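Here the structure is laid out as structure tokens; the discussion comes afterwards.
Virtual Cβ from ideal backbone geometry, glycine too; neighbours counted across all protein chains shown. Please treat every number below as a calculation from the coordinates, not as lab data.
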Amino acid sequence: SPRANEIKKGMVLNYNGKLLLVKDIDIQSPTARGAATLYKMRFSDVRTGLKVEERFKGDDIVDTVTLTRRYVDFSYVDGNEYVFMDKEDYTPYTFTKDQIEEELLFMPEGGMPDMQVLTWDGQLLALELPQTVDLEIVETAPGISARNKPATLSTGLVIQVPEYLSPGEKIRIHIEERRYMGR
């Protein structure tokens, strides 16, 4: 019987007929004298990819599902469908663009190491990426301080990078924080 104050980013809740992946938790301090601390959670509906927000009291009872992770390789894209394959038993995992939209801003067209899938008793839930990714800059102002400029990466993602960077350079990105880490 888990409570809301014990929930962390990465868990999946069974809440009001939906399976919700926890994306963010904001511990909000009391709004007024006598009020309680509240837990504002941001979720992603694993079936539709739609965002859901809910606020809970610390002791509210929730239901977390048991998760199973499996290492995967990106197999191929077919329009809206994205096929991955289990590196061990070669089981295919098909996601729609909606379900992995935010992960697609970081995943290069050849996939990447340390990629996992979240499952619950045979049901495919989400794609879990590693901490960092190396992506090539396609569009940026000519490389010429402590000041950053915008850069469009191969996946379409726009990020802030140092002035001297030029198009075609491969850069390291912290996925969770969307920050440049170096070449």
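Using equal-weight Cα scatterers in the Debye expression, the normalised intensity of segment 132-182 in log10 at q = 0.15, 0.19, 0.22, 0.31 Å⁻¹ is -0.32, -0.52, -0.70, -1.38. Take every pair of alpha-carbon atoms less than 8 Å apart whose residues are at least six positions apart; their mean separation over the length of segment 1-139 yields a relative contact order of 19 percent. With a Förster radius of 41 Å applied to the C-beta separation of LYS51 and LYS149, the computed FRET efficiency comes to 0.90. Mean projected area of the Cα convex hull of segment 49-126, taken over all directions, amounts to 6.6 nm².
In plain terms, the chain from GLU88 to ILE61 could stretch by 6.1 nm, reckoned as 0.36 nm per residue minus the Cα-Cα distance.
Mean sequence separation of contacting Cα pairs (under 8 Å, at least six apart), scaled by the length of segment 68-128, corresponds to a relative contact order of 35 percent. For the chain, the alpha carbon positions stretch 55, 50, 24 Å along the principal axes, listed from largest to smallest.
The label point for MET181 and the one for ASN5, both projected 7 Å from the Cα toward the Cβ, are 3.4 nm apart. In the chain, the DSSP-assigned H stretches of four residues or longer account for a calculated mean residue ellipticity at 222 nm of -1000 deg cm²/dmol, using -39500 (n - 2.57) per stretch and the full residue count as denominator. Would you grab the residues whose amide H sits under 5 Å from the one on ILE175? Only those 5+ places off in sequence or on another chain, please, with H modelled 1.01 Å from N. Those lying under 5 Å, H to H, from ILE175 are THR132, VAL133.
The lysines within cross-link reach of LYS8, meaning a Cα-to-Cα straight distance under 21 Å and a gap of 8 or more places when in the same chain, are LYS18, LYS23, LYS40, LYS51, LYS57.
Of the chymotrypsin sites (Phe, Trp or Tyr not before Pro) in segment 80-136, the ones in a loop by DSSP (not H, G, I, E or B) with at most 12 other beta carbons within 10 Å are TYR90. Per-residue Cβ neighbour counts within 10 Å put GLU136, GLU88, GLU54 in the sequence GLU88, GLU136, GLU54, beginning with the fewest.
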